[PDB]
Number of protein chains: 4
Amino acid sequence: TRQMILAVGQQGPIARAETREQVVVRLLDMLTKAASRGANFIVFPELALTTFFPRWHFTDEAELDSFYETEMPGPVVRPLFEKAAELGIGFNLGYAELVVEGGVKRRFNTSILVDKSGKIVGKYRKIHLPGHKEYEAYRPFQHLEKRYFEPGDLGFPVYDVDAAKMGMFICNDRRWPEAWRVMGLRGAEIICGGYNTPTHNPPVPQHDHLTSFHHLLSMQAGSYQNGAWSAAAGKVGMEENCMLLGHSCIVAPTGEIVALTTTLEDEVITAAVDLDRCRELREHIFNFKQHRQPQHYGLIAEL
Amino acid sequence: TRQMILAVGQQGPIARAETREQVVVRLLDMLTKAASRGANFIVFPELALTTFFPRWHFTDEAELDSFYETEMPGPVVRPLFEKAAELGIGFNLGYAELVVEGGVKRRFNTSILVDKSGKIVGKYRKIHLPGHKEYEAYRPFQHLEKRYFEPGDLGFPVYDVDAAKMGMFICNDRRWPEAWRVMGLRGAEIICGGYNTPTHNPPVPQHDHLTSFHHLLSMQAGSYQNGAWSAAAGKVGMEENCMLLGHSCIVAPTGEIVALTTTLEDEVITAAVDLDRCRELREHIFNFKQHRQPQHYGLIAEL
Amino acid sequence: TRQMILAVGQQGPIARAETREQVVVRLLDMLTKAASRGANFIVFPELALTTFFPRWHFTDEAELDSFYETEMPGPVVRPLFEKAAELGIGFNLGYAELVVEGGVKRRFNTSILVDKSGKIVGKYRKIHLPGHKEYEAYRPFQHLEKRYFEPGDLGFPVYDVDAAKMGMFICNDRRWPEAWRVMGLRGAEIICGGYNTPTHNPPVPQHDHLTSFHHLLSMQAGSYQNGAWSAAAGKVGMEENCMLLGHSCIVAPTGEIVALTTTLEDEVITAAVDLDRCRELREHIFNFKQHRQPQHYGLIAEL
Amino acid sequence: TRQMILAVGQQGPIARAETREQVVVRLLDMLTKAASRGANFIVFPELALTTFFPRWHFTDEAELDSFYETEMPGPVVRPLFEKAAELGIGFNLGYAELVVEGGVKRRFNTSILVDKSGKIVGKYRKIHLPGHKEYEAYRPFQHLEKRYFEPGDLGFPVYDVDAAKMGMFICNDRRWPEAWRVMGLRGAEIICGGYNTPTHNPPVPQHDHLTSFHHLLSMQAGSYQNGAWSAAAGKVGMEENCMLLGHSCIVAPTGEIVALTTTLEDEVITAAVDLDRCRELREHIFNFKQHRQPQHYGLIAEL
């Protein structure tokens with residue numbers, strides 16, 4: 001039938017002291033609510049198991065490490081996978097990943113796709129890390145993602161998830177046309193991910209009142225120009241004195257926003273998705289094989 | 001001072017029998033009014049010297065050729081260049097180009113940049129030709145650009161126009177992130193062009209009510225993602241029984257629409273442009289050198 | 001809890017020859033689908049049991065009368081009421097009403113609210129009839145609502161429907177701030193209705209490309225300024241050679257569009273509704289008792 | 001000719017210590033630039049001669065009074081009127097009005113219309129005063145307009161200004177459909193005013209990211225529903241540690257935003273205005289005489 005119901009599980013703030021066990025209870029509730037509304041897949045936020053720690057400068061490595069996952073799923077997150085399999089609803093979960101390879105402690109801002117059987121069918125690691133690497137005094141709050149993570153090493157893959165071709169993006173990635181295009185060329189039908197986007201931008205505060213605008217503009221344009229359904233799940237609200245943007249959403253291949261959250265708390269939204277709708281764009285106005293002229297795009301791939 | 005006033009000269013319909021002399025009178029009127037409002041550059045539509053002939057299926061080559069320019073400017077168009085130099089206002093003019101090489105005819109959908117001294121300082125040829133190739137009987141009007149024009153052979157260049165770096169796009173090109181990105185990488189501060197966009201699309205009529213949405217979405221996203229000012233000049237209204245989309249516009253590097261037309265007739269709109277505004281994006285959130293990861297965008301350039 | 005899930009049942013075209021029995025099958029399918037997605041109420045379109053007959057000029061009264069309901073529900077529509085009661089989902093149904101009172105054949109463009117028990121709990125009759133009364137040759141298609149209906153005689157009432165205060169509007173009514181305000185003053189928490197809105201306006205065709213814009217603008221502003229959730233269910237698509245606007249939607253008290261259709265066929269959309277959310281507006285920025293100054297609004301009620 | 005060019009003079013922050021002389025220099029600069037761009041009228045912000053003092057809790061009456069005008073224009077403001085007459089450009093100026101009647105002080109948040117001859121041709125006093133009445137300790141900044149001003153006593157008048165019918169609104173007034181409707185009924189062709197709108201609202205912070213949305217939604221709906229051109233001039237930027245919303249704008253009678261500011265500093269925007277454009281709405285879809293049903297709007301005027 002190539003039909004399904006897609007859901008987004010927006011998260012309200014996660015406190016510094018809030019435990020992973022408490023967070024999983026919240027994730028379970030939304031996954032259950034989504035299933036009750038007929039959803040077959042639910043998108044969760046970026047770094048959805050803890051508070052957004054990149055806002056602080058750490059001096060103790062042990063303390064920094066505590067915010068990362070060394071297993072997936074571990075005993076605490078396991079319940080989410082079991083419930084997903086029980087109710088037949090897959091999900092996209094974001095978390096901080098720590099893996100030791102060749103004597104190096106590698107840190108990634110990661111997301112995984114789990115199918116309706118509870119099996120991990122794909123992983124992606126954030127390639128476009130926003131922010132800075134060194135502590136910057138002029139900022140009211142830090143954004144040290146470049147210091148706490150290294151660029152992803154998996155490229156922008158597209159995976160088969162319960163008969164749907166899905167690609168992942170994480171937060172800032174959604175603002176880069178290149179990320180969307182690579183997955184579009186790989187045939188993605190659904191492009192989804194999560195985000196933590198403060199409504200205040202220290203470097204350019206004159207853009208603060210445009211935060212929602214820029215976020216939604218990026219989702220709509222990406223979907224439209226690649227003929228893909230998309231979804232963005234945000235962790236929102238006042239988290240540790242920093243306001244995070246709401247407006248989690250689901251978008252059609254036409255760029256039309258078909259579902260939008262209106263609260264800054266845990267909230268589930270859903271939308272009926274017809275995977276064949278992608279054809280209205282990809283077989284016509286954006287029929288790549290018939291219209292693209294790659295011989296003129298070389299500069300985009302130059303190092 | 002990095003400051004200027006940009007204008008867009010929207011054109012109402014141009015009849016099949018309307019002469020180039022009559023069209024020049026209309027173009028001169030708008031160029032003069034823009035200058036009176038302080039503009040230093042005015043953007044005109046795609047194929048701005050004739051009716052949109054690609055809507056018909058031609059069977060006579062002599063008839064087809066009549067809609068093309070064999071020289072630029074010819075005696076009839078020259079007055080526009082002279083007035084531009086007199087008032088100190090450059091312009092972007094679209095037209096059908098016919099070139100004869102060793103007895104072989106080359107056809108392009110073209111646009112040129114003329115500076116405030118009336119000198120041609122740049123050319124661009126439409127790379128993404130929309131529509132179909134063969135005659136399709138069911139359609140109320142055809143769209144045969146692929147038959148009447150060859151894909152441009154100049155790539156997506158960026159030129160110096162009176163101390164402003166300007167890149168050109170033509171109609172359908174504005175829907176392709178690749179076009180915008182190439183010029184963004186080349187340092188464009190202003191990306192502009194014209195269009196003829198019917199509000200009805202025979203193959204996908206279910207998108208007719210989204211014509212304005214898709215047009216504006218493309219302009220906003222392109223500007224924002226590349227931190228560039230942009231402008232789109234349309235030829236609009238009921239032309240030869242085909243309704244063409246209005247909403248000509250000027251957009252800031254933030255994606256904000258700063259000027260918009262509301263009529264479907266010849267109309268001039270203007271906006272103050274600060275070339276240093278591009279930095280709010282290009283030195284921060286979209287600081288290419290610091291954030292882009294071209295090693296992972298290779299597929300975009302693969303033939 | 002004051003929580004519920006609201007649904008909209010958009011209808012694709014209804015043919016001149018399509019029977020009420022066939023239409024009810026379609027309505028039943030959507031009501032069933034909505035219930036499966038957890039909805040407790042579903043909004044159907046204006047004149048949802050037949051093709052939009054006001055587009056034609058009738059000379060035979062018997063033929064005109066055939067498009068009206070003399071009972072509600074009659075044997076053919078009864079199944080919809082039974083299913084609603086079975087599944088616990090109320091609905092808003094629009095239809096043409098014919099009633100003889102005091103020797104006069106009264107014709108109304110009507111809508112009724114049916115609760116989750118299948119009981120009719122309220123009626124409304126369209127007060128703002130758009131279009132004209134006499135045949136007008138210059139129009140490609142007629143809009144004789146003023147000829148086939150008389151203004152409603154029930155005012156703009158607000159009813160208690162399963163613990164929710166609901167007010168009704170029909171089509172054109174949504175464009176009048178007075179309609180929304182009267183229901184807002186009566187405490188409406190949900191304001192809903194249906195519509196048949198052609199994408200072509202004979203009197204002012206220069207507004208054709210703004211059809212979606214004007215429709216959505218009206219819904220968003222109405223909701224925001226009255227702190228009410230709202231929903232608009234359209235009968236859409238190409239019906240008898242006349243294209244009808246899509247974009248059926250559900251809107252939050254903040255004016256945010258939380259659900260939107262993307263096809264021009266029978267389509268169900270849903271959204272979680274928190275009746276207390278109305279307080280964010282009605283107890284603050286739009287706290288009527290604290291901010292309204294009726295002594296200066298007299299002209300609005302002058303005859 | 002029913003034609004003119006309308007301008008908006010957005011103001012960047014005005015410091016607590018910034019003198020009226022310094023502010024007039026800034027106002028003169030914008031009025032002169034607007035004239036150079038062909039404008040015949042320029043709209044200035046609400047309380048455009050001082051910092052937004054209602055953000056503080058005053059304990060000294062002499063201090064409060066210092067922010068009010070006891071005459072209009074006084075020697076310091078006179079130069080603005082003289083230049084307006086010289087260049088032929090009228091304006092809408094907002095200021096705090098202090099009147100002494102029989103030894104009793106009357107306080108109003110006021111705006112006046114000055115024609116191109118420099119003559120005061122109309123006055124309006126803010127009717128919908130937003131905010132709270134008592135000091136609220138938890139708030140980072142107060143909003144005590146209800147304490148420092150009396151509700152206007154002039155109603156919502158419409159005046160003749162150089163052959164244009166103009167109505168005035170002030171800040172919060174733009175959110176009330178009643179204000180717009182009264183002036184629409186009085187035949188306003190242009191409805192304009194200024195505003196000071198913080199991007200943060202202490203009691204309902206969950207609406208902070210919607211500040212621009214609510215502002216623009218109000219302007220678009222008001223214009224469309226009344227078939228009137230409109231303009232909103234804001235005093236914006238970080239003023240005394242409080243961020244004020246930018247996005248000053250000019251809107252067509254169709255609800256289309258034709259001009260928008262993008263900076264948070266003194267900025268001039270302009271737009272061509274055709275007074276007969278109002279007819280596209282007022283003689284058709286919103287032809288009051290033909291469509292309105294005031295006999296059913298009574299509740300709106302009930303005290």
Side-chain angles (χ1 to χ4, degrees), chain C residues 127-132 146 151-156 172-173 175-186 201-204 206-207 210 213-214 217-218 220-226 254-256 277 279-281 283-286 290-303, chain D residues 127-133 146 151-156 172 175-186 201 203-204 206-207 210 213-214 217-218 220-226 254-256 277 279-281 283-287 290-303:
Chain C
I127 289 180
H128 300 96
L129 301 178
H132 50 112
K146 291 182 184 295
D153 64 336
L154 298 173
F156 303 101
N172 184 263
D173 287 325
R175 303 174 194 285
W176 301 85
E178 290 94 340
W180 288 83
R181 189 58 109 206
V182 172
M183 292 183 279
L185 291 164
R186 290 185 187 297
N201 176 63
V204 188
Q206 55 264 49
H207 289 182
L210 300 176
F213 172 65
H214 285 159
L217 173 64
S218 292
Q220 293 176 286
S223 274
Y224 172 55
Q225 310 190 318
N226 288 284
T254 47
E256 299 167 288
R277 196 80 66 64
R279 296 179 183 293
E280 304 193 328
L281 292 305
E283 298 197 318
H284 297 81
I285 197 164
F286 293 143
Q290 294 299 304
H291 303 131
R292 280 184 96 247
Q293 307 295 306
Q295 69 270 43
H296 295 293
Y297 314 156
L299 186 61
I300 297 178
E302 296 195 9
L303 305 178
Chain D
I127 287 174
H128 304 91
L129 303 173
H132 51 104
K133 239 294 179 58
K146 290 175 182 294
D153 64 343
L154 301 173
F156 303 99
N172 185 265
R175 302 175 196 284
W176 300 83
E178 289 91 339
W180 289 85
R181 188 57 108 209
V182 170
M183 299 187 271
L185 288 168
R186 291 184 187 297
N201 181 57
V204 188
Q206 58 266 46
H207 292 185
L210 302 176
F213 172 65
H214 285 157
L217 170 64
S218 294
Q220 290 174 284
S223 272
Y224 171 55
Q225 296 171 169
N226 292 279
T254 49
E256 295 166 290
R277 196 77 64 67
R279 302 182 183 181
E280 304 193 331
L281 292 303
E283 301 198 319
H284 300 289
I285 199 172
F286 293 146
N287 183 154
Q290 167 179 50
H291 303 132
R292 284 182 88 252
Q293 302 293 59
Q295 73 270 43
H296 287 297
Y297 310 157
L299 182 57
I300 298 173
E302 286 182 47
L303 296 305

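Chain letters run A, B, ... following the sequence lines, proteins first and then strands; every chain starts at 1.
- Both the backbone and the side chain of D/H214 come within contact range of chain C, judged by heavy atoms closer than 4.5 Å.
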Please report, to 0.1 Å, the donor-acceptor pairs under 3.5 Å made by any side chain of residues 295-303 of chain D, with sequence neighbours excluded.
unit_1: D/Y297; atom_1: OH; unit_2: C/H128; atom_2: NE2; d: 2.6
unit_1: D/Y297; atom_1: OH; unit_2: D/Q293; atom_2: N; d: 3.0

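- For C/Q290, the part lying near chain D is the backbone, with the side chain staying farther off; criterion is any non-hydrogen pair under 4.5 Å.
- Using a 4.5 Å cut-off between heavy atoms, C/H291 touches chain D through backbone and side chain atoms alike.
- Counting heavy-atom pairs under 4.5 Å between each of D/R175, D/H284, D/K133, D/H132 and chain C puts D/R175 at the top.
- With contacts defined as side-chain heavy-atom distances shorter than 4.5 Å, the pair C/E256/D/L210 qualifies.
- Within the 4.5 angstrom heavy-atom criterion, only backbone atoms of C/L129 (N, CA, C, O) approach chain D.
- Expressed to the nearest 0.5 Å, how far CZ of D/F156 lies from CG of D/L185 amounts to 12.0 Å.
- Heavy atoms closer than 4.5 Å to chain C are found in the side chain of D/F213, but not in its backbone.
- Contacts of C/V182 with chain D are made by both backbone and side-chain atoms, with heavy-atom separations under 4.5 Å.
- Annotation: side chain of C/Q225 is not in contact with side chain of D/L217 (no heavy-atom distance under 4.5 Å).
- Listed by first then second residue, pairs satisfying side chain to side chain donor-acceptor pair (under 3.5 Å) with a partner in residues 176-186 of chain C read C/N172-C/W176, C/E178-D/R181, C/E178-D/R292, C/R181-C/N226, C/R181-D/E178, not counting sequence neighbours.
- For the pair D/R277 and D/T254, the minimum side-chain heavy-atom distance is 4.5 Å or more.
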